[PDB]
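Peer 1: enclosed are the sequence and the experimentally obtained structure.
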Amino acid sequence: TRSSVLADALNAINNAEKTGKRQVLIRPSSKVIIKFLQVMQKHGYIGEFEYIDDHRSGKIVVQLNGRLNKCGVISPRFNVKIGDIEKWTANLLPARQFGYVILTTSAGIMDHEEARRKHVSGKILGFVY
Amino acid sequence: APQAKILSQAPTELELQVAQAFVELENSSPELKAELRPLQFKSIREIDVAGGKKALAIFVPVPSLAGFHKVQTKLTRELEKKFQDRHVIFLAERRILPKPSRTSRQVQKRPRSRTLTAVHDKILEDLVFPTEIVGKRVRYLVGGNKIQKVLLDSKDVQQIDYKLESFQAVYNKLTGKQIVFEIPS
Amino acid sequence: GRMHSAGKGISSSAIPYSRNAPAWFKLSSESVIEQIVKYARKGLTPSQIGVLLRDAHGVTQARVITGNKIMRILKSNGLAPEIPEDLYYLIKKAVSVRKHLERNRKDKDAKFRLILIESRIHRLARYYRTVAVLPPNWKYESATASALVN
Amino acid sequence: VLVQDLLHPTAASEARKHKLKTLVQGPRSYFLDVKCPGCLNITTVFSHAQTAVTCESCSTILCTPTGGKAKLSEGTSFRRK
Amino acid sequence: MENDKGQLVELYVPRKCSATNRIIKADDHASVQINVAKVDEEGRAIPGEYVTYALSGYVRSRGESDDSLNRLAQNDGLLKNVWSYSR
RNA sequence: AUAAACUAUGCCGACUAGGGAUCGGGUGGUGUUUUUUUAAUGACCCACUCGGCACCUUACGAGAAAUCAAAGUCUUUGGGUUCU
Ligand SMILES: [Zn+2]
């Protein structure tokens, strides 16, 4: 069965960036996928996305603008202390000076850079570059 | 006086103006004496439409929104002519209960009808009352604002076709959320 | 796919995007309720009241015109069955295989297919005890299985 | 291909898609108003009905169940509402 | 890409495909630089003044090069009613 | 309860490519044929669709290669789980 809908959504996006498409359609959608796409949007990694309202769970269509190399999920959502974040950014980011690791703190879903200036930590979701 | 028995206790002068608009049809009464006698409302908010017009919001206690929906289309005609420069709509005064935090506990588990995301959905179902909604889309723009989109039924659309500009102003004043209405064919 | 086979079929109903009755319906929200309990007093399960109502009386589905699901109307009227019809029709099929396998026990496939049906009974009765639909132990027995279907 | 309007597919494509594979899933069935020759009453019949529907009066036949749409019997005028 | 004092580094900046927005590598020998003449009244294509499109060798191998130029040139006014957004 | 108990390829879920066949069900046709004059079905034709056993061409991808639409989405390394 479906174990996590975030992994399916990020697999769908990653497969269509490789093939050359400019849009995806993911199904289903959740608040976690909406927030993860919102973090991707504000850093310019994806374009506009529209949420189709079913009565079931909804679908999302996301416009792609090139310039995305990978969006991935980390399963399980490991607990990350505030001193372990630079052990993750060193592991699965291509360089020390771009790319983001998206976490889930009690202050909300956010990338690792402004989890640092907010001085919060939590569980890890994934990465984009 | 039957004018004063519709409003809450005292207020207000504007509540009397709509109150006289009901009794001019209750005393005329082709058929309305059998259905407009028990129908009563709670309040009017005046919302400034972005055009030259304004909007009238009629709040209903909602054991009776089904009762109001029987004469909804006909009564709005006899409210727009004796109140010029206005658009009259009927809403239900729903209650929104706050989401319990990990400290702000309560008793009596909060029903899903009292959640805020369900009340705002019932506003759109009640703003437009005919022309059942056939879909919804939400655009997450690049800048960061969210724009809804309400798709309306194409049939019977000529009763509210001019009021799409008014509805976007009313829903913005009650929710703070942008709306565009689109009519597919 | 299916729980106890390799089939991957997706055939299913598809509920429309509307929580309101269609404009042509115009019977009532209450005369349908009387028609719900008229069929239940004839010993009809909720699955076969809905197919009977949709095919003949033109209700699309009983929730969108009443607000209630069908066996919530039955339970509010005191016509709820002892065990759910979901579990009842699994037990009845298990009794039918046991009676068959009683006299020709050379079927190695009816012995296999019995195990799948009984496993499905245990998985479903486990769920019903948790949500307090069934009494806390209730212990489906094969020797008393034929008593419950009649 | 590689640029498509996935929010507004053409009506032909949505019509030729499966019932669940559209942008929003929904039923391809409908309801019918049929006139039996005997009486003149209003009877609403599901297009994919499974019961052998009869009228309230004189109860002959109105449709026979099939593995697809119900086969409406010999001549009875039908509307689609 | 630059240093602290804004002085440019990275000895060349590469071309990017106008269809899929990906880098044209120095060894993509299937990549193509399409040059389209600009025209004025009574025909007479102006020499040396172009409308240029770059296509990566990935797109051309996939068979998307024709559908891409139909989109890439209709949006620039070079065509009309040839490429349709809704398939 | 042992087999080259074999597809020497665990099971469930999602995505990525083009095609023509075929088995079962379904939908449509101011289609063909069967005869009563066409009708009703049946058989067939065309188009679509769901679910199967498969096949053909390529290789964006993978591989040590043989080859593989999965043995792909894998140093840009994390969907769930069992066994070795
Ligand atoms: Zn009859």
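Peer 2: Looks like it arrived, so ask away. Numbering: from 1, shown residues only, chains lettered A, B, ... in the order given.
Peer 1: in chain C, what residue lies closest to chain D?
Peer 2: Nearest residue of chain C to chain D (C-beta to the nearest C-beta) works out as residue C:58 at 3.0 Å. Every C-beta, even on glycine, is put in place using the N, C-alpha and C of the backbone.
Peer 1: for that residue, what are its contacts?
Peer 2: Residues in contact with residue C:58, defined by C-beta atoms under 8 Å, 6 or more residues apart in numbering or on different chains, are C:25, C:27, D:31, D:44-46.
Peer 1: report the contact partners of residue 39.
Peer 2: Since you didn't name a chain, this refers to chain A. So residue A:39 contacts A:100, A:102, A:109-111, A:128 (C-beta under 8 Å, 6+ apart).
Peer 1: correction: the question concerned chain E.
Peer 2: E:45-46.
Peer 1: wait, what's in contact with residue D:23?
Peer 2: A:52, A:59, D:6-7, D:9, D:14.
Peer 1: that older thread, between the contacts of residue A:39, which sits nearest residue C:146?
Peer 2: Distances from residue C:146 to these, taken as C-beta to C-beta, are shortest for residue A:109 (56.4 Å).
Peer 1: quick one: that closest one from chain D, how far?
Peer 2: 26 Å (C-beta to the nearest C-beta, to the nearest Å).
Peer 1: do the same with residue B:159
Peer 2: 22 Å.
Peer 1: burial measure for that residue, as a count.
Peer 2: 15 (other C-beta atoms under 10 Å in any protein chain shown).
Peer 1: nearest residue to residue E:26 in space, please, no chain neighbours.
Peer 2: Among residues not flanking residue E:26 along the chain, residue E:14 sits closest, at 7.4 Å (C-beta to C-beta, 6 or more residues apart in numbering or on different chains).
Peer 1: now the contacts of residue A:39: which count as buried?
Peer 2: A:100, A:102, A:109-111, A:128 (16 or more other C-beta atoms under 10 Å in any protein chain shown).
Peer 1: if I look at residue C:99, how far off is the ion?
Peer 2: 42 Å (C-beta to the ion, to the nearest Å).
Peer 1: would you list the contacts of residue A:39 in TSV and tack on distance to chain C?
Peer 2: Compiled in TSV, the contacts of residue A:39 are given as follows (distance: C-beta to the nearest C-beta, whole Å):
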residue	distance to chain C
A:100	37
A:102	33
A:109	30
A:110	35
A:111	36
A:128	33
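Peer 1: in strands, which of those appear?
Peer 2: Assignment to strands by DSSP state E places the following of those there: A:100, A:102, A:109-111, A:128.
Peer 1: which one of the residues you listed is nearest residue B:183?
Peer 2: Nearest to residue B:183 among these, counting by C-beta to C-beta, is residue A:109 at 36.0 Å.
Peer 1: phi first, then psi, for residue 27.
Peer 2: Defaulting to chain A. For residue A:27, the backbone dihedrals are phi -160, psi 130 (criterion: degrees, to the nearest 10).
Peer 1: how many other residues sit next to it?
Peer 2: Residue A:27: 15 neighbours (other C-beta under 10 Å).
Peer 1: just list the residues touching it, thanks.
Peer 2: A:57-60.
Peer 1: repeat that for 7 Å
Peer 2: In this structure, residue A:27 makes contact with residue A:59, judged by C-beta atoms under 7 Å, 6 or more residues apart in numbering or on different chains.
Peer 1: quick one: it from chain B, how far?
Peer 2: 15 Å.
Peer 1: got the contact list for the residue in chain D that chain B sits nearest to?
Peer 2: Per C-beta to the nearest C-beta, residue D:24 is where chain D lies closest to chain B, at 6.6 Å. Counting by C-beta under 7 Å, 6+ apart, residue D:24 makes contact with A:52, A:54, B:135, C:17.
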